[PDB]
2 protein chains.
Amino acid sequence: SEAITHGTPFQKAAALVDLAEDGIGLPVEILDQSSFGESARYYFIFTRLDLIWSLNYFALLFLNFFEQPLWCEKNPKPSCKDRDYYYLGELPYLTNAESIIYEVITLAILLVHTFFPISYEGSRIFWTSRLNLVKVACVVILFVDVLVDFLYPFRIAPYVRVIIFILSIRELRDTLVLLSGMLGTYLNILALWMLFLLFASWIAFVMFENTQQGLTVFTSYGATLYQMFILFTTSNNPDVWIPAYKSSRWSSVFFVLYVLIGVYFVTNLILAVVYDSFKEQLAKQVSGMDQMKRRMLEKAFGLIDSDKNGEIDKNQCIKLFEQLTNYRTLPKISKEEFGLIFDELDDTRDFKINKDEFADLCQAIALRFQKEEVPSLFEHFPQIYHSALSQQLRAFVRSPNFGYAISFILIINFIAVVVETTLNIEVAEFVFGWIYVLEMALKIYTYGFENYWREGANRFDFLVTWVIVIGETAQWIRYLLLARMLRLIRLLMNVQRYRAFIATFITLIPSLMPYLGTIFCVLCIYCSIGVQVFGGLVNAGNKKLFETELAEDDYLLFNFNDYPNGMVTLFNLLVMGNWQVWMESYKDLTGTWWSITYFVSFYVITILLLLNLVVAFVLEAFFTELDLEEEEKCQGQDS
Amino acid sequence: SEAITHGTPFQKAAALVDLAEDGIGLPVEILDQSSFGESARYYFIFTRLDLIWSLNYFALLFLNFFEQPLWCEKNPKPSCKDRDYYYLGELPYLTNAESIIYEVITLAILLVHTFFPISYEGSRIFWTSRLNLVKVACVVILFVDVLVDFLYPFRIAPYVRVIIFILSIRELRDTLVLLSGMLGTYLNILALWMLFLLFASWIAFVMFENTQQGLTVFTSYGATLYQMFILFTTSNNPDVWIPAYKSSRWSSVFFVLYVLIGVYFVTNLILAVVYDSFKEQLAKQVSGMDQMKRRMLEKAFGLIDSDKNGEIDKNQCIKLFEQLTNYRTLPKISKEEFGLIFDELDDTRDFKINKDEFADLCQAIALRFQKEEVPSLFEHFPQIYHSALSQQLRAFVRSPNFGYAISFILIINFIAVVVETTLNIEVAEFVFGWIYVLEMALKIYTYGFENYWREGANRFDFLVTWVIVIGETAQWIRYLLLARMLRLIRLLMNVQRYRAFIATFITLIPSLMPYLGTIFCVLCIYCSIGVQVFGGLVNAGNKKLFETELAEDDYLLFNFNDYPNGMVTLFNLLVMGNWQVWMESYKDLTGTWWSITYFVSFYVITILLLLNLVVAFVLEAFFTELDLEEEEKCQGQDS
Ligand SMILES: CCCCCCCCCCCCCCCCCC(=O)OC[C@H](COP(=O)(O)O)OC(=O)CCCCCCCCCCCCCCCCC
Ligand SMILES: CCCCCCCCCCCCCCCCCC(=O)OC[C@H](COP(=O)(O)O)OC(=O)CCCCCCCCCCCCCCCCC
Ligand SMILES: CCCCCCCC[C@H](CCCCCCC(=O)O)C(CCCCCC)CCCCCCCCC(=O)O
Ligand SMILES: CCCCC[C@@H](CCCCCCCCCC(=O)O)[C@@H](CCC)CCCCCCCCCCCC(=O)O
Ligand SMILES: CCCCCCCCCCCCCCCC(=O)O
Ligand SMILES: CCCCCCCCCCCCCCCC(=O)O
Ligand SMILES: CCCCCCCCCCCCCCCC(=O)O
Ligand SMILES: CCCCCCCCCCCCCCCC(=O)O
Ligand SMILES: CCCCCCCCCCCCCCCC(=O)O
Ligand SMILES: CCCCCCCCCCCCCCCC(=O)O
Ligand SMILES: CCCCCCCCCCCCCCCC(=O)O
Ligand SMILES: CCCCCCCCCCCCCCCC(=O)O
Ligand SMILES: CCCCCCCCCCCCCCCC(=O)O
Ligand SMILES: CCCCCCCCCCCCCCCC(=O)O
Ligand SMILES: CCCCCCCCCCCCCCCC(=O)O
Ligand SMILES: CCCCCCCCCCCCCCCC(=O)O
Ligand SMILES: [Ca+2]
Ligand SMILES: [Ca+2]
Ligand SMILES: [Ca+2]
Ligand SMILES: [Ca+2]
Ligand SMILES: [Ca+2]
Ligand SMILES: [Ca+2]
């Protein structure tokens, strides 16, 4: 029935097309699994045991990574007044009973995942791999740190759990390779940036020693390097230069010129470079993906010929199309695609195919023809009861007006909830959960499970959906109604006036899970530093606190006293909304100026990753939507 | 001796090459001046009288445009307590004696400039031109508004003086054509932006009616459209949602998600479109410049042939090269540049050149060969005294080691001023002005005046230089020293690690006088509205003032009470440094909510002009520096 498990046959024609399939969605086979003379050994039976059991790991990888808000402050134990939540968080900290029990679950599924591939690698290959060397070394640190915390330094567990989580998921590991290639270009331009403040912190220190400014703010030199740095951010534009503006108006024409050159040229010209190297790293990554295509299709070509003369005949290629489980038609499609595929010299009558010549053909059936779909029938015991009865169900759903009725009836679904909100006031709340699950139970069986996972954001829907079922067993549904109308703006994207915008903006939701995943990881590093470095300062009873800007502006909850409060407090520093409130606080709270180098180290690293990974990527991928909108209507007219 | 004035001869070969010169720097000749059968009539004698006398107009155009800070508040006359400078400016307002005297100068040189091209256009052409029609109509309003002031409404003079000044200078007029072509794309995407606030102002109004938030901030719906708009700017990130964060921590996950989608996607996806249409408007402007090349070189081709059979012979083309007066020796360089120019007809062997074929040749001598230089000798009475003696001078300066000694001895020039600063404490200040003018008096005589004007930013230097001489006749020299070391960072751009950055940043100083000129003009519109609309509100003795954020944050010097205080207040609103202090003030000072639509109109219009004309242009022009750096080393190796 299916095409999933078949690595045990894997004939001349059987799994050879699935090798050609792995160019299409580009799944990975390890090069050693491609290296073998059989290339389908007992090792590879274990390899496909991973990619079926993969989503077990995201109930580890996210599970390990989100442990860190649930953990304690570093220092409640020296403290007095412990259990007072003076500005702390709301999640309960897991005590040493609940500490260790969560971690035996965690270090199990690591060791299964990390010592998985020796099932399909040689030990001299596993233990040689520099990527693998780090992840095993990151295991043992946790494997130590679990065992030490049982019997019971600054506790470097939670720095590692990020770096396991970065290296584990292939998006975040692919992403981070760029910031080895970008970083050699970014750091050289940073020396030219760092020069721009220093040159222009020097003049305004020199210029305003004489006036009221050096009496007030610009006392030290490094108290101008501090201040004219904050003007480069412009979260401080009038408050810096009031007493230079108040005395003579002609000091604005300095500061309105420095900020102007600072923001509107340089922070574009940092963006210009970081957008320029991102172009060159993206292709160098992409051509690093197509050698994985060519080193797959070489295996797809080398599996065919036994003589390995370098050539496959047309019927020898048509028998691939017959073993393709093909679309519906094969009389002359290769004969149709002879000249249509870019170049054939057509020397011999049919049987002139080179190793390069095939690599266009499997991509052409992927791009234009879109031939294949995996049924994935059943497990074999209830199958025939349901395989007959599915033809009385899945006749209904595969009818596309009913598929439009999946869009049409989804309009009805949110309409009842508005009036029912008031009238439930004038459990009953769990009753409407049954209506929500019902529509999504249908198309799972129509599609198939990973066929449901291949769908765009309906993938993301069932991610939301089951937790809604889980969250009701342990009001909010009112605010959770909005996800239904959220996909009705996916009917806005067919509007031609507003197309290439929402063509981007919906495509850019899966396109920025890596590059916004990494930024979430960088915060989980910077928070865990702020927990350890800046932990217990903002007290109830601190008297150096209340004269600082966190008290006047009342941002006391934006605080590093725990982990999750520091997790939000990084976010405003990431946004640049009044981010100097914290920087001028902790220069007074820790009391010395080495705390300043925390937040600048945030800025230099964030305004790579913002100017790179968010901002510069959209201006690429909008152009991918744009020309594929234009060259759909161009080659809708052209050929 | 000279090559300037020669439109009175203009032989078959004489001014014909100067037609080919007018493709090189691309100066403009009007199409009617190209239309004529003579094309060098008595009209065109007056046309070159303009472009020599052009810099007389910038002592009008800047003169007219900078008049507006020197003028009065709209309303001191109803007021009590006039001559108290309660938060006012510092420039003296020109009284009605000095008001009119400045304007007879001004309306003279307009009328000379505006009724100039009747000297070279027909009356049915001058008065048909709608680009001319507006400027004449803008004259008469000022011609009225001067005469009304002499014989003693809201005084719409100063709106016009900008719009004369925009249409007068060809940079600002070329720029503004784009924002007719961009605006049809920008406004359609704005309706999708405007939708994003409204959709998401609606939820947080709905979501937080129940909690503390709707008690505090989110009372009205339109008081969330107000606030969630300011979160789109993020000049207000924690202060908006404290009491939604203070009560339940889980309401940050709204706001940290809304801002995230708001800033990092949409304000890139406004930038992506506005950078995309700027690409398409720039080329459409540029191909609008090359038809001006082709409709010049058609005149350059049509002036040659008397039979107009369509062909020019090789010697008939070589006699251009002899008349060109730009190379050393020319026996077979046409024969060198035959096949080197992309395609030759070569039919009737040396003599078959099409109208298209020449257009590469005139561009090739400008680009690659580049042997033109205009001598511009003297006026004819002191000429031979100096022209003989210049060969005893300009033997020195055109020697390239002395040209490096213009770079080398300029390094010495700033060094003495640091120690001399302290020792002048222990007029003498005007003595060091003589050293500064001296070095720039040299190369002018070596180059020539407009030859000095063709230079990159040394052009800008003499603009600085003479006002220094003027400003000393009517301390600051210390801060004026810095312009010498300012050009030593032009010896940093030859460093290969930092080249393509400063290749941009120095080329982008002339490249953003238009697109930062327009933004300067938009403020002079918005200030003049703020003078008239928001003029006299911020009193000394206002009692609704001191409880507002302009008093607490103490930005009281940033009113638009006068003109130039509102010129600078618009700067901070352009930067986005605490710009909601003003918006929440003037909603209390004028007291009703129509003042809000002032500052949003400043946002929507400027965050086109920032995201367009500043930001998106740099990411183009950095790529122009980048590939011309690469394809200098590529075709330094290739051909
Ligand atoms: C707080 C909870 C966060 C929830 C976010 C859920 C994201 C769902 C991802 C689940 C899939 C795990 C696969 C990731 C890597 C393994 C292989 C692979 O390449 O799959 C690619 C996967 C699709 O490929 P396939 O499913 O393997 O076929 O693409 C993705 O969508 C996920 C890529 C990165 C996911 C982790 C990074 C982001 C997580 C943290 C987010 C924090 C805040 C972000 C705010 C942005 C708001 C817009
Ligand atoms: C406050 C005083 C501002 C001083 C700025 C000086 C501006 C230089 C003007 C040069 C002479 C006037 C020519 C412009 C009219 C078009 C004719 C032409 O082709 O010349 C183009 C000229 C070069 O071409 P050429 O000299 O004719 O060969 O290019 C330019 O450099 C000037 C182009 C626009 C000038 C007016 C717009 C800007 C003025 C307002 C500045 C305020 C904001 C600037 C802040 C940014 C800081 C980095
Ligand atoms: C590079 C851009 C990355 C975006 C920055 C991180 C976003 C901040 C989110 C975490 C902090 C809020 C947690 C509040 C905890 C508390 O104070 O109780 C955060 C990420 C959410 C996932 C998608 C957003 C980007 C975590 C949200 C969890 C909320 C927990 C609140 C507890 C509720 C209770 O009362 O128990
Ligand atoms: C879109 C961004 C445009 C950038 C240009 C901005 C100004 C740069 C320098 C121009 C200076 C003009 C001086 C004219 C003299 C006068 O009218 O006062 C600039 C645009 C803001 C974005 C605005 C800032 C200019 C403010 C000038 C104030 C000087 C007042 C001095 C009076 C007191 C005295 O001289 O004694
Ligand atoms: C581009 C650099 C040029 C100007 C460089 C400025 C470096 C000056 C360093 C001085 C540091 C502090 C000076 C006075 C304060 C003190 O005595 O410590
Ligand atoms: C990247 C440029 C600056 C980065 C962070 C700003 C550093 C400015 C210097 C800090 C304060 C100056 C030294 C204090 C003087 C003192 O000890 O009295
Ligand atoms: C990689 C490091 C980045 C650069 C860090 C900036 C180092 C300069 C620190 C400035 C301190 C100068 C203040 C001394 C003057 C004084 O205290 O009187
Ligand atoms: C993923 C890499 C980890 C990043 C580097 C972490 C170590 C840098 C500084 C750590 C602590 C610095 C301050 C310690 C002072 C203290 O504990 O009181
Ligand atoms: C990675 C770039 C970070 C840049 C910021 C560096 C922090 C420098 C701190 C400057 C403080 C001045 C030195 C005196 C220290 C002290 O007085 O305690
Ligand atoms: C991607 C990881 C980046 C890591 C850089 C962050 C570490 C720089 C500063 C951390 C805290 C140092 C300042 C603490 C001052 C103190 O000891 O009191
Ligand atoms: C995308 C739009 C969907 C939601 C649109 C929300 C429009 C609601 C309009 C209500 C305005 C004020 C409502 C209560 C205040 C009043 O009674 O005036
Ligand atoms: C572009 C989106 C918004 C633009 C400016 C914000 C408009 C907010 C609405 C004004 C405040 C509330 C309206 C009146 C309420 C009242 O009169 O009580
Ligand atoms: C081109 C115009 C842009 C759109 C301008 C905003 C239009 C909506 C104004 C919001 C007012 C709604 C407030 C009414 C609710 C109330 O006062 O109770
Ligand atoms: C260059 C175009 C000019 C811009 C438009 C100018 C007129 C728009 C509004 C002008 C005044 C606004 C209302 C005046 C109220 C008052 O005078 O009290
Ligand atoms: C050009 C776009 C500007 C958008 C801002 C529009 C200003 C709308 C003002 C909203 C105020 C609510 C209406 C009530 C007026 C009043 O009470 O005086
Ligand atoms: C490029 C020119 C843009 C012109 C747009 C600015 C005019 C919009 C609002 C001007 C002031 C209107 C608000 C004043 C309300 C009042 O009279 O109190
Ligand atoms: Ca073979
Ligand atoms: Ca054939
Ligand atoms: Ca900001
Ligand atoms: Ca001829
Ligand atoms: Ca020839
Ligand atoms: Ca304050």
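Positions of Cβ are backbone-derived with ideal geometry, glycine not excepted, and every protein chain shown enters the neighbour counts. FYI, it's all coordinate maths here, none of it is from the lab.
Within the range B:40-64, the set of residues being under 22 Å from B:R173 (Cβ atoms) and small (G, A, S) comprises B:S54, B:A59. Could you please find all residues in the range A:530-563 being crowded, with 16+ Cβ neighbours inside 10 Å and part of a helix (DSSP H, G or I)? Hits for the range A:530-563 are A:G530, A:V531, A:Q532, A:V533, A:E549, A:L550. Which residues, counting only those in the range B:612-624, are more than 7 Å from every other protein chain (Cβ to nearest Cβ), farther than 14 Å from A:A616 by Cα and aliphatic (A, V, I, L, M)? Selection gives B:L613, B:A621.
Restricting the range A:512-526 to residues that are within 14 Å of chain B (Cβ to nearest Cβ) and under 11 Å from A:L570 (Cβ atoms), the residue that is nearest to ligand 3 (Cβ to nearest atom) is A:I519. Count of the range A:243-277 residues, restricted to those that are β-branched (V, I, T), out of contact with any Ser or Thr (no Cβ under 7 Å at 6 or more places or on another chain) and within 7 Å of another protein chain (Cβ to nearest Cβ), is 1.
Residues of the range B:452-491 that are within 26 Å of B:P375 (Cα to Cα) and out of contact with any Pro (no Cβ under 9 Å at 6 or more places or on another chain): B:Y452, B:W453, B:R454, B:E455, B:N458, B:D461, B:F462, B:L463, B:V464, B:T465, B:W466.
Residue by residue, here is whether (1) in contact with a helix residue (DSSP H, G or I) (Cβ under 7 Å, 6 or more places away or on another chain); (2) among the small types (G, A, S); (3) within 25 Å of B:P69 (Cα to Cα) holds:
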| site | (1), (2), (3) |
| --- | --- |
| B:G566 | yes, yes, yes |
| B:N572 | yes, no, yes |
| B:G577 | yes, yes, yes |
| B:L619 | yes, no, no |
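Here is a check on your reading of the model: is B:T597 of a type in the set (S, T, Y) and assigned to a helix (DSSP H, G or I)? For B:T597, the condition - of a type in the set (S, T, Y) and assigned to a helix (DSSP H, G or I) - is met. The residue list A:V467, A:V495 contains one member that is over 21 Å from the mean Cα position of the chain (by Cα), loosely packed, with under 14 Cβ neighbours inside 10 Å and over 25 Å from A:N612 (Cβ atoms), which is A:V495.
How many residues does the range B:23-34 contain that are under 12 Å from B:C362 (Cα atoms) and crowded, with 18+ Cβ neighbours inside 10 Å? Residues that pass the stated criteria total 1. Hey, does the range B:238-261 have a residue that's of a type in the set (S, T, Y), surrounded by 13 or more Cβ atoms within 10 Å (Cβ to Cβ) and more than 16 Å from ligand 3 (Cβ to nearest atom)? Looking through the range B:238-261, none of the residues is of a type in the set (S, T, Y), surrounded by 13 or more Cβ atoms within 10 Å (Cβ to Cβ) and more than 16 Å from ligand 3 (Cβ to nearest atom). Every condition in (1) surrounded by 15 or more Cβ atoms within 10 Å (Cβ to Cβ); (2) more than 23 Å from the chain's Cα centre (by Cα); (3) over 30 Å from A:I100 (Cβ atoms) is met by A:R155 except one, and the failing one is (3).
The set of residues in the range A:231-242 being assigned to a helix (DSSP H, G or I), facing another protein chain (nearest Cβ under 8 Å) and in contact with a helix residue (DSSP H, G or I) (Cβ under 6 Å, 6 or more places away or on another chain) consists of A:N237, A:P238. Residues of the range A:473-493 that are of a type in the set (K, R) and more than 9 Å from chain B (Cβ to nearest Cβ): A:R484, A:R487, A:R490. Does A:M194 satisfy the criteria of being among the aliphatic types (A, V, I, L, M) and within 16 Å of ligand 5 (Cβ to nearest atom)? Answer is yes for this residue. Where helices (runs of 4 or more DSSP H) fall wholly inside the range B:132-229, the ranges with 2 or more residues that are closer than 24 Å to B:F116 by Cβ are B:158-168, B:170-181.
When each of B:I100, B:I141, B:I105, B:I118 is tested for being touching a helix residue (DSSP H, G or I) at 6+ places or on another chain (Cβ under 8 Å) and farther than 24 Å from B:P69 by Cα, the lone residue that passes is B:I118.
Residues that are more than 14 Å from every other protein chain (Cβ to nearest Cβ) and surrounded by 16 or more Cβ atoms within 10 Å (Cβ to Cβ) are absent from the range B:187-196. From (1) touching a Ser or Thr at 6+ places or on another chain (Cβ under 8 Å); (2) buried (at least 17 other Cβ atoms within 10 Å of the Cβ); (3) away from chain A (no Cβ under 14 Å), pick out the condition that doesn't hold for B:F208. For B:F208, the exception is condition (3).
Pairs meeting the criteria (first residue in the range A:254-271 and on the phi > 0 side of the Ramachandran plot, second residue acidic (D, E), beta carbons under 9 Å, at least 6 apart or on different chains) are lacking.
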